[PDB]
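Chemist: Below is a structure I'd like to ask you about.
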Amino acid sequence: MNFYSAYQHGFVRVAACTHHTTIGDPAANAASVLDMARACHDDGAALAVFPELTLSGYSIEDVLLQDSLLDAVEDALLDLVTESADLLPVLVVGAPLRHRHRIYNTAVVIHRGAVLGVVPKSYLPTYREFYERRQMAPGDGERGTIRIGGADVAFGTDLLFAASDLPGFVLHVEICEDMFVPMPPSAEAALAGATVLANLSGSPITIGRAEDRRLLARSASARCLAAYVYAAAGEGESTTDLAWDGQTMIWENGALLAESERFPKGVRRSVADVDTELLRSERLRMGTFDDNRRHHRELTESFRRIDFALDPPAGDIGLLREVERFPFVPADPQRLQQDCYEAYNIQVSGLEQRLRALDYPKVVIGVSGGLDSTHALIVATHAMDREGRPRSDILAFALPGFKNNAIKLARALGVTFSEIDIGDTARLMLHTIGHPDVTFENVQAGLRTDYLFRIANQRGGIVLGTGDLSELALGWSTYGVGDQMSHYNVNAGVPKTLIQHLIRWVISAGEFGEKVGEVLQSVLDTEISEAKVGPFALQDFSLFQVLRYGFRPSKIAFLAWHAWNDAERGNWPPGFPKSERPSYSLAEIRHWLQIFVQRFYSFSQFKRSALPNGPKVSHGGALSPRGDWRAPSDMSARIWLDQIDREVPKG
Amino acid sequence: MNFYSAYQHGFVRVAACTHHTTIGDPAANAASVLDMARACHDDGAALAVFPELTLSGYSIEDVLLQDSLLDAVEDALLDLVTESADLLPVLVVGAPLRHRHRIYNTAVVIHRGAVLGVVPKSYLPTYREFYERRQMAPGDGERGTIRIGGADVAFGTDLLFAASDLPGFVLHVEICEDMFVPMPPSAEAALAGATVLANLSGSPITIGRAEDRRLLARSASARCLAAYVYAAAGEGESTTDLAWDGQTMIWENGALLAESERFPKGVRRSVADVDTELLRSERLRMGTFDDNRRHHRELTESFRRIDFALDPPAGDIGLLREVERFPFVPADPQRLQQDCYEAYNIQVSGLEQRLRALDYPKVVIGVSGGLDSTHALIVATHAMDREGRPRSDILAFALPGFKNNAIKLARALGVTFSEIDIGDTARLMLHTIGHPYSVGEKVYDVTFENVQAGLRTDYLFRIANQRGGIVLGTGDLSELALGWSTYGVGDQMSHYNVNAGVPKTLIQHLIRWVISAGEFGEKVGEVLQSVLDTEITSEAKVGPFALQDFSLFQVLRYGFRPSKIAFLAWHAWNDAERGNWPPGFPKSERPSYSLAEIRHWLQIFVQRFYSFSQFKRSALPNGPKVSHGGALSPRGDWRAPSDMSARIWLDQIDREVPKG
Amino acid sequence: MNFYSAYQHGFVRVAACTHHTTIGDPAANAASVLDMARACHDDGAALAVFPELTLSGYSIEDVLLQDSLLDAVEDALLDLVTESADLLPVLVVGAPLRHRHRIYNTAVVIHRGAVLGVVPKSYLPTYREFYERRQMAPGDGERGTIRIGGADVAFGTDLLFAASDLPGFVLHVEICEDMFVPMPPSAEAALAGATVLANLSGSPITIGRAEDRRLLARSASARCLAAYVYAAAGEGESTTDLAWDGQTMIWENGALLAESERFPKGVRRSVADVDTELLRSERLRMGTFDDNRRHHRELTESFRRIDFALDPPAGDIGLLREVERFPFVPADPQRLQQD
Ligand SMILES: NC(=O)c1ccc[n+]([C@@H]2O[C@H](COP(=O)([O-])OP(=O)(O)OC[C@H]3O[C@@H](n4cnc5c(N)ncnc54)[C@H](O)[C@@H]3O)[C@@H](O)[C@H]2O)c1
Ligand SMILES: NC(=O)c1ccc[n+]([C@@H]2O[C@H](COP(=O)([O-])OP(=O)(O)OC[C@H]3O[C@@H](n4cnc5c(N)ncnc54)[C@H](O)[C@@H]3O)[C@@H](O)[C@H]2O)c1
Ligand SMILES: Nc1ncnc2c1ncn2[C@@H]1O[C@H](COP(=O)(O)O)[C@@H](O)[C@H]1O
Ligand SMILES: Nc1ncnc2c1ncn2[C@@H]1O[C@H](COP(=O)(O)O)[C@@H](O)[C@H]1O
Ligand SMILES: N[C@@H](CCC(=O)O)C(=O)O
Ligand SMILES: N[C@@H](CCC(=O)O)C(=O)O
Ligand SMILES: N[C@@H](CCC(=O)O)C(=O)O
């Protein structure tokens, strides 16, 4: 295998281009197109979308009806088709074309020397600044073929272009207005199997229109679990009554992959690697999407599927994609602030309801001064405050076996604090079972929980769990009698990599006062097992890929390596001093991934199977056997380990 | 409300009748029909099905084509219809009827003075002893109306008769051979909404045919989540070439409600109360059934629905239904032997797989000499045997706090036995959390009980880490149902629970089953017997398990409302002499329960099951489903909130169940 | 004329409500609904949308299949219907209801003492944290009627509720997931004449989900030239595995009219005056919208139109709407910089 090849990992590189329009001069337009397409080829792109009516210019009005213009358009089209014999990408080029009685506003789908299909715009705006019905006919419901350079090629709104050697890539094409009506051709296309939706746009620019284009491309890409590739007209279009901004953009399932400078001087491209496996995975999981298709079975089975062989490049062509280091921790500070606000409120409101339902039990929690319990204590306190409960009904315990932050935190919040030395009970228990270990660690971990549960019976409380999602993922907890067990776990949904940011978020908001903030800060400074289970930054990364998308190990390694191999590349969330910004080699990423698949798929499930209650937090998922993760407690991880042996280089 | 009314609890009483045939004499047949129907009326039946071609006799061949016969059939039908003005049940009577060009083999659905519909047989056998196509036309695909006694009434294979004041009762009718073809009219009818499927049969009798009729009525009632009411011809049919057996039967979702004497002298009826709520509940739950309907949407939306008002009796008319005392413990010894065999093998194989998957850990189990742990030890032993594991890899512990059966059993099986006194650890813990007992006060608290319960589990878990084993849970289904366990650190928790699916009422019969098979030898059997003798004679606070296991089954399988469960349990349990007891209830341990008691324990049940206990089931260790009634895994049969009140159930009991 | 009357100028006042859920207690839920609906009445609202499965609570799982729960739901529904004789707004209340073989996840459209229609959810998520297919049947393609308190009322995904004395107000109802699939029932409804699209949502909250709800409600309102009224479940839903944020919002042709506090303590409403003339005008001008309808003529002519008379208040009830002084000059500095 070629492990560094984006194409071998299910990416398809796509381009949205804005060329230089020369109105009423198809030769000139074709030349600009040819030159941009050659760039896309050099970039290893599989697809290159151009603006509405590329070969004539969108804005020429009744000049679209002139024989000499239409004849010149055909001539130029045929030259492009001939040039395309040598170009890698599928070109989607706009052109006014004669068919039957009229000219249609069409997108010509071109590939390796042939026209694959010709797709007419369905809805022609004839209102405000738009007069398209005057010159051009609507495409909705046209089928059949059209004769282009002595060949009959598929013509109509119902076409799909499927790469025979790259099945994740199935192209559908619509045109500008098409995406703005209640029931866009692209939405039926997605249900029928289209994964990459192209839009050629003319779209003169006005205040607020760029937002409208975004709103609709973004929502389409999200609602149809698809990439949406959009190209609008720019410099060169007539400014008789309108101006043009050249916007290009590429969306993927609601996320912006790329966009280009608005009002550029010169031509611009958006180029991005679309993850066809992502779309595959989203669709495999959201059964209601298939249900929608079956309900519109007639609409969706009637698409004609045109095949082509892409034969993309096999080598290292980089990865034109922003892979964030912390799938659970957004690098953008505004976005991170928002996530924290949500995570915190989820945790709190999860706990408020349990407490309301139990008519306000005391809250029993083991506080050790570490990140997890510190944060849980804070969550508990807020929940109690919001429910008008005295903080003294929170019972915090230090349980020393064989830290100062804990008592300082508890005194500062003003909950009830208490120490119980479990050492003697442990000594008694170790002696009673005849121990001279994991047994040694576990006797203490167990007795901590045993004590808390009993205190909870005694004092009318519930025991608050504090184990985080990353520990659930790797089975890094003592199961049953031990920290795995509790009456309600507020941390169950929060991965370890997010925890430290919640604590800062709490400090930064300042709600608990200056003294509490200082202790919390101390906890952070002090606290920041990764020796045996690996760095949580890496295991949280793999967890997200597995839990959300079920990606194979080699795909996960590829992604993590692009995100993590170079500390200077990409973005870091706030709060990583340059001394704690590590980079990881492939060898490391591989290593921790072996530990991960073995622990996640095989070892740890029985511990998640009997999990106490607690709220889902991340869109990446949570690990409740009653919600996001239903799996066997008795399965081997052989095939994932084997996939790593076979597909991931040793370094 | 009227609490003792079967009808007010969702039952509909149905009859399958076999009359006296007088061939070629419709007046005589009608007179027999009228007299049987009056009986059904007196019984408060809603429905009375008669044999194929009732009014003429099935067996009269070309006499069916005689004008005078056909004319007399019509006259007799009209007299029935007139007499039916005063009759409670819907009558389904067979009759050869003229329509368009031919006579159809029909079933006339009659009610309170009117004909609701006429249903022609769809498939007319013309092979072997059957010549139906010679005299009569196929009904499949006939629709429209037929003119009967100056009224136009629905005619066709596509009809449903729905009780407007009793929505669980939607009738479809088919005739004999109809149920024998790959795609019977009744199967489409059920997808369309029919819940009670009638079959009028002629069906001359031959060796093995009664089995065939059963196979097909039973499977239809099961596959269609319906009652199936069946009536065949008997005495009086011609014996020119055939004999007749008069078989009648009533099925419900695969179970036999009732059947009559074969080859009777005189007329016979099967009468039974069909539970429409049971059918409702099964259908509510089996979504693939509704999926089937949607797939045959065109077929199923094209049914015509004819409404009638049954207005059944409101009072106490008893309950013609066998309600078993132990929904989990079949009274029939053969069936009970079979269930035990299955329960045991499920438990064992569930554990064998966990052990294989863990490369054969030692099995750690707390044995106290009680039923549950005794049984688990046995299960564990057999699992180890089948996997060729030494029994000494089973580590049994007695964990005395503040019985001989346990050590005797362990020594006899030859597992590794050991005692660990948890009292000192408990004393230390109780003192450390400052509990009054540690300072003398005799305060036998929930905390006091729980410190010991918890420490047992704590010890076993640590032993399991120490010695390379897993801890076997032993808590049974009835304890899961009621939250009768110590949660988390405590007996609720384990590595694998082989008893999780087994209700308490079944456990004692598993143990006997094990003894009875004898597989473990005479010494082991003697100790097991001793465990039974000792342990059978907390049911003070949570109630008798016979009652709670009863309510559990109703709730878990059907979601029945409390008053419905009280009605059922009262009919099963109020009288110790009535109904059957499984094997092994000496007459001194055959209690009966009053309504007051049944009510009382049901309040405790709904509160504990719907509200209190769910959190303890929510974090449940692994273990195999056993009963068709269901199991309580939050990953399987029971998905429910851990933080809900049971107010509405408690209220339903207040409102609907009399105080005594 | 009454010149200060929002209703006489083609506004229709609408509410999205988040009540207090008491799981498995329909009487309690109905009481909270009744109390919120009375507020909406006092505000002169024409429409009040509640969260998914309002009368039972969304999150109760297999408890939805218990006879006593389903029976209590019906009883409570009938009381609401009776109370609604005296209430101005159309209520849209969620309820698990028996029909044919199964329970449907339904929205009951209630008005002045009668049920106008019962609309089943079309797409039932059964993936990740969602298990709806286990307990409930899909509504897509169900038509006919359902029997509710001794009346047969329209049942199905194809319903429109049109105010006979206020023609700009034509209601269509869908449920949570319905707006998330490529071809939402609401998009066909708009082409057929719906101008106000309601969504009852359960929607447990997770990081980023509020944005997803916004993205999809906003885009729907814009793509369908319509008001979109959205109500999600909050306090009271089970937190066995999930938390709930009580978000309510009202969109109009891509613009946010109103939204409510997320994670509120107590019940919240979004109330706004929707401009039916605005939607009328947008639609009159964008001929491609009508072209889309003609292309899906079969889909769009098959809607059943249920009529009702709103008879809204004629007087001055203010105007719950932000009318900017400078239509050409946005008051928000970030937006103005961009323009
Ligand atoms: N940071 C934390 O949250 C935390 C807390 C405690 C321990 N730890 C770490 O993890 C370790 C805990 O050790 P552990 O996981 O070996 O102890 P554990 O008791 O949680 O898990 C092993 C136990 O479960 C049983 N088991 C294993 N697989 C099973 C399966 N499929 N089904 C049923 N039972 C199964 C084993 O026989 C054994 O009794 C510590 O030594 C330490 O390294 C971390
Ligand atoms: N034979 C057996 O199987 C067995 C064994 C031990 C005890 N028991 C019986 O059961 C009793 C156990 O008592 P118990 O059930 O009160 O103790 P428990 O510890 O099992 O349960 C109560 C504990 O759970 C918490 N809790 C209650 N509802 C909760 C919820 N909805 N969510 C989260 N946490 C919740 C309470 O705050 C308390 O800490 C004993 O007294 C005894 O009668 C039976
Ligand atoms: N020394 C301690 N005192 C009180 N609580 C503790 C102590 N150690 C651990 N805990 C609790 O048990 C959990 C286990 O932490 P750990 O095994 O160290 O990652 C912590 O998150 C606390 O909730
Ligand atoms: N005295 C005991 N000795 C050994 N095991 C016990 C003892 N008491 C309880 N157990 C274990 O805990 C389970 C719960 O029983 P109990 O709490 O006594 O009703 C039993 O089935 C045993 O597995
Ligand atoms: N329907 C949009 C189209 C916007 C565009 O073409 O970019 C309009 O108002 O014209
Ligand atoms: N098809 C069956 C008919 C049985 C019956 O009609 O009862 C046969 O072999 O004759
Ligand atoms: N289709 C969305 C639904 C989100 C919601 O229900 O709010 C999902 O991922 O579950």
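Starting from 1 in every chain, residues are counted up; chains themselves are A, B, ... following the order of the structure tokens, and ligands are numbered from 1 as listed.
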Per DSSP on the backbone, what are the strand (DSSP E) residues of region 179-310 of chain C, as an MDAnalysis selection string?

Modeler: chainID C and resid 196:200 227:231 248:252 255:259 268:275 304:308

Chemist: Hey, can you spit out that residue selection with C-alpha atoms as a PDB file, in the first residue's frame?

Modeler:
ATOM      1  CA  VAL C 196     -46.207  28.637   8.937  1.00  0.00           C
ATOM      2  CA  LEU C 197     -44.181  25.490   9.541  1.00  0.00           C
ATOM      3  CA  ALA C 198     -44.281  24.090  13.157  1.00  0.00           C
ATOM      4  CA  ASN C 199     -41.736  21.673  14.578  1.00  0.00           C
ATOM      5  CA  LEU C 200     -42.214  19.825  17.871  1.00  0.00           C
ATOM      6  CA  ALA C 227     -42.136  31.149   9.244  1.00  0.00           C
ATOM      7  CA  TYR C 228     -40.590  28.180  11.111  1.00  0.00           C
ATOM      8  CA  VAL C 229     -41.728  27.708  14.722  1.00  0.00           C
ATOM      9  CA  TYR C 230     -39.589  25.359  16.852  1.00  0.00           C
ATOM     10  CA  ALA C 231     -39.970  24.057  20.437  1.00  0.00           C
ATOM     11  CA  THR C 248     -37.465  27.596  21.493  1.00  0.00           C
ATOM     12  CA  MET C 249     -37.177  29.763  18.407  1.00  0.00           C
ATOM     13  CA  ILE C 250     -39.221  31.330  15.594  1.00  0.00           C
ATOM     14  CA  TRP C 251     -37.758  31.987  12.167  1.00  0.00           C
ATOM     15  CA  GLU C 252     -39.124  33.970   9.204  1.00  0.00           C
ATOM     16  CA  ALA C 255     -34.438  35.895   9.905  1.00  0.00           C
ATOM     17  CA  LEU C 256     -34.621  35.135  13.642  1.00  0.00           C
ATOM     18  CA  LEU C 257     -37.838  36.626  15.071  1.00  0.00           C
ATOM     19  CA  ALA C 258     -37.378  35.311  18.641  1.00  0.00           C
ATOM     20  CA  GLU C 259     -35.673  32.696  20.759  1.00  0.00           C
ATOM     21  CA  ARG C 268     -40.049  29.692  28.533  1.00  0.00           C
ATOM     22  CA  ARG C 269     -41.891  30.915  25.428  1.00  0.00           C
ATOM     23  CA  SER C 270     -40.833  32.535  22.236  1.00  0.00           C
ATOM     24  CA  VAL C 271     -43.593  34.850  21.067  1.00  0.00           C
ATOM     25  CA  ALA C 272     -43.363  36.881  17.832  1.00  0.00           C
ATOM     26  CA  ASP C 273     -45.574  38.495  15.239  1.00  0.00           C
ATOM     27  CA  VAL C 274     -44.978  36.766  11.891  1.00  0.00           C
ATOM     28  CA  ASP C 275     -45.622  39.016   8.844  1.00  0.00           C
ATOM     29  CA  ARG C 304     -55.838  17.820   2.634  1.00  0.00           C
ATOM     30  CA  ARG C 305     -56.859  21.252   3.713  1.00  0.00           C
ATOM     31  CA  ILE C 306     -58.559  21.532   7.134  1.00  0.00           C
ATOM     32  CA  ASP C 307     -60.300  24.831   7.706  1.00  0.00           C
ATOM     33  CA  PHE C 308     -60.700  26.725  10.954  1.00  0.00           C
TER      34      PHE C 308
END

Chemist: Which residues of chain B sit at most 9 Å from chain C, using only C-alpha atoms? Give each one's shortest atom pair and distance in Å (one decimal place), in chain and ascending residue order, as JSON lines.

Modeler:
{"residue": "B:191", "atom": "CA", "partner": "C:101", "partner_atom": "CA", "distance": 8.4}
{"residue": "B:192", "atom": "CA", "partner": "C:100", "partner_atom": "CA", "distance": 8.1}
{"residue": "B:193", "atom": "CA", "partner": "C:100", "partner_atom": "CA", "distance": 6.3}
{"residue": "B:280", "atom": "CA", "partner": "C:101", "partner_atom": "CA", "distance": 7.2}
{"residue": "B:281", "atom": "CA", "partner": "C:65", "partner_atom": "CA", "distance": 8.1}
{"residue": "B:283", "atom": "CA", "partner": "C:101", "partner_atom": "CA", "distance": 5.7}
{"residue": "B:284", "atom": "CA", "partner": "C:102", "partner_atom": "CA", "distance": 4.7}
{"residue": "B:285", "atom": "CA", "partner": "C:135", "partner_atom": "CA", "distance": 6.8}
{"residue": "B:286", "atom": "CA", "partner": "C:134", "partner_atom": "CA", "distance": 8.7}
{"residue": "B:287", "atom": "CA", "partner": "C:137", "partner_atom": "CA", "distance": 7.1}
{"residue": "B:289", "atom": "CA", "partner": "C:101", "partner_atom": "CA", "distance": 8.2}
{"residue": "B:290", "atom": "CA", "partner": "C:101", "partner_atom": "CA", "distance": 6.5}
{"residue": "B:291", "atom": "CA", "partner": "C:137", "partner_atom": "CA", "distance": 8.7}
{"residue": "B:294", "atom": "CA", "partner": "C:141", "partner_atom": "CA", "distance": 8.9}
{"residue": "B:555", "atom": "CA", "partner": "C:66", "partner_atom": "CA", "distance": 7.7}
{"residue": "B:558", "atom": "CA", "partner": "C:66", "partner_atom": "CA", "distance": 7.7}
{"residue": "B:559", "atom": "CA", "partner": "C:66", "partner_atom": "CA", "distance": 4.4}
{"residue": "B:560", "atom": "CA", "partner": "C:67", "partner_atom": "CA", "distance": 5.5}
{"residue": "B:561", "atom": "CA", "partner": "C:68", "partner_atom": "CA", "distance": 4.9}
{"residue": "B:562", "atom": "CA", "partner": "C:68", "partner_atom": "CA", "distance": 7.6}
{"residue": "B:610", "atom": "CA", "partner": "C:63", "partner_atom": "CA", "distance": 8.6}
{"residue": "B:615", "atom": "CA", "partner": "C:240", "partner_atom": "CA", "distance": 8.5}
{"residue": "B:618", "atom": "CA", "partner": "C:240", "partner_atom": "CA", "distance": 8.6}
{"residue": "B:637", "atom": "CA", "partner": "C:62", "partner_atom": "CA", "distance": 8.7}
{"residue": "B:638", "atom": "CA", "partner": "C:62", "partner_atom": "CA", "distance": 6.7}
{"residue": "B:639", "atom": "CA", "partner": "C:62", "partner_atom": "CA", "distance": 5.4}
{"residue": "B:640", "atom": "CA", "partner": "C:61", "partner_atom": "CA", "distance": 5.4}
{"residue": "B:641", "atom": "CA", "partner": "C:60", "partner_atom": "CA", "distance": 5.8}
{"residue": "B:642", "atom": "CA", "partner": "C:240", "partner_atom": "CA", "distance": 5.8}
{"residue": "B:643", "atom": "CA", "partner": "C:238", "partner_atom": "CA", "distance": 6.3}
{"residue": "B:644", "atom": "CA", "partner": "C:23", "partner_atom": "CA", "distance": 6.1}
{"residue": "B:645", "atom": "CA", "partner": "C:24", "partner_atom": "CA", "distance": 7.3}
{"residue": "B:646", "atom": "CA", "partner": "C:24", "partner_atom": "CA", "distance": 7.7}
{"residue": "B:647", "atom": "CA", "partner": "C:25", "partner_atom": "CA", "distance": 7.3}
{"residue": "B:648", "atom": "CA", "partner": "C:25", "partner_atom": "CA", "distance": 6.4}
{"residue": "B:649", "atom": "CA", "partner": "C:68", "partner_atom": "CA", "distance": 6.6}
{"residue": "B:652", "atom": "CA", "partner": "C:68", "partner_atom": "CA", "distance": 7.5}

Chemist: Export N, CA, C and O atoms of the chosen residues as a short mmCIF file (atom, residue, chain, number, x, y, z; two decimals), in the first residue's frame?

Modeler:
data_model
loop_
_atom_site.label_atom_id
_atom_site.label_comp_id
_atom_site.auth_asym_id
_atom_site.auth_seq_id
_atom_site.Cartn_x
_atom_site.Cartn_y
_atom_site.Cartn_z
N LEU B 191 -53.16 -7.96 8.93
CA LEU B 191 -52.41 -6.75 8.66
C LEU B 191 -53.30 -5.52 8.52
O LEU B 191 -52.85 -4.40 8.80
N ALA B 192 -54.53 -5.71 8.05
CA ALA B 192 -55.47 -4.59 7.90
C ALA B 192 -56.17 -4.21 9.20
O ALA B 192 -56.78 -3.15 9.30
N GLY B 193 -56.12 -5.08 10.19
CA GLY B 193 -56.68 -4.70 11.47
C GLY B 193 -57.53 -5.76 12.13
O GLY B 193 -58.05 -5.56 13.24
N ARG B 280 -53.56 -6.76 21.33
CA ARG B 280 -53.15 -5.35 21.22
C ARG B 280 -51.67 -5.18 21.61
O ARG B 280 -50.88 -4.56 20.86
N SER B 281 -51.29 -5.74 22.77
CA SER B 281 -49.93 -5.54 23.30
C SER B 281 -48.87 -6.20 22.41
O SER B 281 -47.80 -5.65 22.18
N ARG B 283 -49.01 -6.87 19.20
CA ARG B 283 -48.92 -6.03 18.00
C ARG B 283 -48.24 -4.67 18.22
O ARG B 283 -47.57 -4.17 17.33
N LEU B 284 -48.41 -4.08 19.40
CA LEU B 284 -47.83 -2.77 19.69
C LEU B 284 -46.31 -2.89 19.68
O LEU B 284 -45.58 -1.92 19.36
N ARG B 285 -45.84 -4.10 20.03
CA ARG B 285 -44.43 -4.36 20.27
C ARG B 285 -43.69 -4.94 19.09
O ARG B 285 -42.50 -4.74 18.92
N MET B 286 -44.39 -5.69 18.27
CA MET B 286 -43.71 -6.33 17.15
C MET B 286 -43.82 -5.44 15.89
O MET B 286 -44.66 -5.62 15.02
N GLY B 287 -42.96 -4.45 15.82
CA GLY B 287 -43.03 -3.53 14.73
C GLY B 287 -42.94 -4.17 13.38
O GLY B 287 -43.53 -3.63 12.42
N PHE B 289 -44.51 -6.41 12.24
CA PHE B 289 -45.86 -6.75 11.84
C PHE B 289 -46.45 -5.59 11.05
O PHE B 289 -46.89 -5.76 9.91
N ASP B 290 -46.38 -4.39 11.63
CA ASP B 290 -46.74 -3.14 10.93
C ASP B 290 -45.91 -2.91 9.67
O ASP B 290 -46.45 -2.45 8.64
N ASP B 291 -44.61 -3.24 9.72
CA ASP B 291 -43.76 -3.24 8.52
C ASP B 291 -44.30 -4.11 7.39
O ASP B 291 -44.30 -3.72 6.21
N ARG B 294 -47.29 -2.23 5.87
CA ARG B 294 -46.85 -1.18 4.97
C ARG B 294 -46.34 -1.71 3.64
O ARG B 294 -46.50 -1.07 2.61
N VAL B 555 -46.54 -7.03 33.28
CA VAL B 555 -45.95 -5.72 32.98
C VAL B 555 -44.89 -5.85 31.89
O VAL B 555 -44.91 -5.16 30.88
N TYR B 558 -46.61 -7.53 28.36
CA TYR B 558 -47.80 -6.88 27.78
C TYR B 558 -48.02 -5.42 28.21
O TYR B 558 -48.84 -4.74 27.65
N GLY B 559 -47.33 -4.95 29.24
CA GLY B 559 -47.58 -3.59 29.70
C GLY B 559 -49.02 -3.38 30.18
O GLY B 559 -49.51 -2.24 30.17
N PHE B 560 -49.68 -4.45 30.62
CA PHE B 560 -51.05 -4.35 31.12
C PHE B 560 -51.17 -3.35 32.27
O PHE B 560 -50.30 -3.28 33.13
N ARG B 561 -52.27 -2.61 32.30
CA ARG B 561 -52.55 -1.70 33.40
C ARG B 561 -52.82 -2.48 34.71
O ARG B 561 -53.19 -3.67 34.70
N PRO B 562 -52.64 -1.80 35.84
CA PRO B 562 -52.74 -2.48 37.14
C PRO B 562 -54.07 -3.23 37.37
O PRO B 562 -54.04 -4.38 37.77
N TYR B 610 -41.66 0.50 38.64
CA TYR B 610 -41.68 1.59 37.65
C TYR B 610 -40.85 2.80 38.08
O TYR B 610 -40.40 3.57 37.23
N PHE B 615 -32.88 2.43 38.44
CA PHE B 615 -31.44 2.75 38.55
C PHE B 615 -30.55 1.52 38.80
O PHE B 615 -29.46 1.43 38.21
N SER B 618 -30.22 -0.36 35.65
CA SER B 618 -29.57 0.49 34.63
C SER B 618 -28.08 0.17 34.41
O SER B 618 -27.54 0.22 33.27
N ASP B 637 -34.46 -6.07 26.91
CA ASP B 637 -35.94 -5.99 27.06
C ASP B 637 -36.52 -4.81 27.79
O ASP B 637 -37.66 -4.46 27.58
N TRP B 638 -35.77 -4.20 28.68
CA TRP B 638 -36.39 -3.15 29.44
C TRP B 638 -35.59 -1.85 29.43
O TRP B 638 -34.62 -1.70 30.19
N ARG B 639 -36.01 -0.93 28.56
CA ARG B 639 -35.41 0.40 28.50
C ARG B 639 -36.35 1.36 29.20
O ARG B 639 -37.47 1.61 28.73
N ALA B 640 -35.90 1.88 30.34
CA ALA B 640 -36.74 2.81 31.11
C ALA B 640 -35.93 3.82 31.93
O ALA B 640 -34.78 3.53 32.30
N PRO B 641 -36.57 4.96 32.25
CA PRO B 641 -35.96 6.05 33.01
C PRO B 641 -35.61 5.59 34.42
O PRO B 641 -36.36 4.80 35.00
N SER B 642 -34.48 6.06 34.95
CA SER B 642 -34.08 5.81 36.32
C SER B 642 -34.68 6.84 37.28
O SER B 642 -34.45 6.73 38.48
N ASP B 643 -35.42 7.83 36.77
CA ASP B 643 -35.83 8.97 37.60
C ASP B 643 -37.28 9.35 37.36
O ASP B 643 -37.60 10.52 37.28
N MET B 644 -38.15 8.36 37.30
CA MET B 644 -39.58 8.56 37.07
C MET B 644 -40.43 8.21 38.30
O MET B 644 -40.13 7.27 39.03
N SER B 645 -41.52 8.93 38.53
CA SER B 645 -42.44 8.51 39.58
C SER B 645 -43.47 7.50 39.03
O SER B 645 -43.72 7.43 37.84
N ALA B 646 -44.07 6.72 39.91
CA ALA B 646 -45.10 5.76 39.50
C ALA B 646 -46.50 6.27 39.81
O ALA B 646 -47.42 5.47 39.87
N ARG B 647 -46.66 7.58 39.96
CA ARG B 647 -47.95 8.11 40.35
C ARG B 647 -49.16 7.54 39.56
O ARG B 647 -50.17 7.17 40.16
N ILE B 648 -49.06 7.49 38.23
CA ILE B 648 -50.24 7.14 37.45
C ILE B 648 -50.68 5.70 37.67
O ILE B 648 -51.85 5.42 37.72
N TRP B 649 -49.73 4.78 37.83
CA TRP B 649 -50.10 3.41 38.15
C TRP B 649 -50.78 3.33 39.49
O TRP B 649 -51.81 2.68 39.63
N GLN B 652 -54.14 4.50 39.22
CA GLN B 652 -55.03 3.64 38.44
C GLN B 652 -55.57 2.57 39.38
O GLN B 652 -56.74 2.21 39.33
#

Chemist: Show me which residues are within 6 Å of ligand 1 counting only C-alpha atoms and all ligand atoms, and format the list as a ChimeraX atom specification.

Modeler: /A:438,441,467,471,476-479,606,633-634 /B:464-465,468-470,495
